[PDB]
Structure formats: structure tokens, C-alpha cells
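Each chain, written out:
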Number of protein chains: 2
Amino acid sequence: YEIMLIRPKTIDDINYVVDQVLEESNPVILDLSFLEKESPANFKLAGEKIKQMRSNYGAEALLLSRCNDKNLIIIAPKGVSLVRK
Amino acid sequence: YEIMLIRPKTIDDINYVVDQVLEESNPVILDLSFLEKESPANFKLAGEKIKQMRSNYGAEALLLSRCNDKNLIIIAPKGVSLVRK
């Protein structure tokens, strides 16, 4: 399919991430660093939406790296399993 | 399908990464930090195998984050497109 890479800057960008995972069943490599730096409130909202996707839609969300101006998480929809070796 | 997460420590682990992308058509989120620190030669070999997968098998390989003890690259097989918004 497609794996989407997104660095959201607005609440609408967050809702686009949600739609990609839930409606399109595309994994998203999400960079939360802009929200974390510039809008604590929208950073918190993004975390709440990730919580909702995990709890209510069966998505996985795995921290990859939070370092040097990036805060990278992979969100995988139900049907694309993360497998760590 | 499956997205594999692997931090190789040996040449055999590298060849397993290759097999996942080429034979199983699974994307791999690859952490090269152990090779980079502990074996420059095997780090270089991993780079050569990534080059071969891109050039000869149509794979994509996109740097995600090299920071604070991680060197993360996503390798996507032909048929799983990376899409950046």
C-alpha cells in the first residue's frame, strides 16, 4: 500500500493523520516535533488522538526516535503488524 | 502486511534485512547504530546492500533520524510507496 510521512503543524493535519490510518489503512510515520515545540495544546491533542486510535480502532503506535528536532512515531493500522526482531 | 524493525549486529542480520525486503516484500525500519559504532566495515557493507536493493530491486530507502544512539532508515519494497505530505 502506502506509508505516509507527515510532520503535522495544525489540528487539521492531525485529523488527516487519523483519516490515513483509519479510513485508508495506511501506516503513518508521524513527526510530532513541530507540535511539541510550538503548541503544547495541539501536541497534547495529537497524543489523545493516538490514544483513541489504539484503544478504539486496534491501531499500534510505536515510538521510533525522539532526538535532535524530531519526535518520530509509527502508527500502524489494524492489518499491518509491526514485528520486531 | 508486516513492517519489520531490526537493529542488525552481524552480516547475517543484514542479509536477513535484505531477504525481508526482497523475498517477503516487507518494509524494514532499520537501525544501523550498532554497526556504525562497533563495525565500520559491516556498516559499510550494509550501505552497499541498501544501494543494491535500490538500484536492482526498485526498493526505496529513506533516512528517518540519525540522533542519540539511533540511525534509523526505512527501506520500502517495490509495491509499498513512501508518500510524504
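Here is what the cut-offs are and how they apply
Residues numbered from 1 in each chain as written, not as in the entry; some residues may be left out. Chains lettered and ligands numbered in written order. Heavy atoms only, no water. Residues with missing side-chain atoms left out of burial classes, pairs and counts. Salt bridge = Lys/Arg side-chain N within 4 Å of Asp/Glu carboxyl O. Helix = DSSP H or I, 4+ residues; strand = E, 2+ residues; numbered from the N terminus. Buried < 20%, exposed > 50% of the residue type's maximum accessible area, 1.4 Å probe, protein only. Pairing = 2+ DSSP bridges. Right-handed = clockwise from strand over helix to strand, strands pointing away. Contact = heavy atoms within 4.5 Å. Nonpolar A, V, L, I, M, F, W, Y, C, P; charged D, E, K, R; others polar. Least-squares fit on C-alpha atoms.

- Determination of this PDB entry was carried out by X-ray crystallography to a resolution of 1.40 Å, according to the record.

- Looking at the PDB entry, one finds chain A named Cell division protein SepF, with Methanobrevibacter smithii as its source organism.
- The record lists its title as "Cell division protein SepF from Methanobrevibacter smithii".

1. Looking at the pattern of salt bridges
- For the structure on display, the rule yields four salt bridges over all chains.
- As a salt-bridge pair, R66 of chain A and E36 of chain A come within 2.8 Å of each other at their nearest N and O atoms. Placement of the pair is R66 of chain A in strand 3 (residues 60-67) and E36 of chain A in helix 2 (residues 33-38), with a sequence separation of 30 residues.
- Exposure remark for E36 of chain A: the relative accessible area of 26% places this residue in the partly exposed category.
- Linking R7 of chain B and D31 of chain B is a salt bridge whose minimum nitrogen-to-oxygen distance equals 3.5 Å. One end of the pair, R7 of chain B, is in the loop between strand 1 (2-6) and helix 1 (11-22); the other, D31 of chain B, is in strand 2 (residues 28-31), with 24 residues separating them in the sequence.

2. Some remarks on the pairing of strand 1 of chain B
- Counting buried residues along strand 1 of chain B, four of its five residues qualify, which places the element largely inside the surrounding structure.
- Relative to strand 1 of chain B, strand 5 (residues 81-84) of chain A runs parallel, the two sharing four bridges. Bridged to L82 of chain A within strand 1 of chain B is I3 of chain B.
- Across three bridges, the pairing between strand 1 of chain B and strand 2 of chain B is parallel. Bridging from a neighbouring strand, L5 of chain B pairs with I29 of chain B of strand 2 of chain B.
- Regarding the hand of the β-α-β motif, the stretch spanning strand 1 of chain B, helix 1 of chain B and strand 2 of chain B is right-handed.

3. Details of unusual backbone geometry
- Phi at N68 of chain A is positive, roughly 50°, even though this residue is not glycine.
- With respect to the element layout, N68 of chain A can be found in the loop between strand 3 and strand 4 (70-76).

4. A few points about the environment of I6 of chain B
- Positionally, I6 of chain B belongs in strand 1.
- On the basis of relative accessible area, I6 of chain B is assigned to the buried category, the value being 7%.
- For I6 of chain B and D31 of chain B, which are 25 residues apart along the polypeptide, the C-alpha to C-alpha distance reads 6.3 Å.
- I6 of chain B has contacts with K85 of chain A together with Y16, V17, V28, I29, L30 and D31 of chain B, leaving out every residue within four places of it along the chain.

5. Let's talk about the interface of chain B and chain A
- Contact residues are listed per partner, giving 24 residues for chain B and 24 residues for chain A.
- Broken down by secondary-structure element, the contributors of at least two residues to the side of chain B that touches chain A are strand 1, strand 3 (60-67), strand 4 (70-76) and strand 5 (81-84) of chain B.
- It is strand 1 of chain B that contributes the most residues to the side of chain B that touches chain A, five residues altogether.
- Of the residues that constitute the side of chain B that touches chain A, the class distribution is 16 nonpolar, four polar and four charged.

6. Considerations on the relation of the copies chain B and chain A
- Of the two same-sequence chains, chain B is brought onto chain A (RMSD 0.0 Å, axial shift 0.0 Å) by a rotation of 180°. Those values place the two copies in the arrangement expected of a two-fold rotation axis. The rotation axis passes nearest to the C-alpha of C67 of chain B in chain B, at a distance of 2.8 Å.
- A share of 100% of interface residues in chain B that are also interface residues in chain A marks the association as one of identical surfaces.

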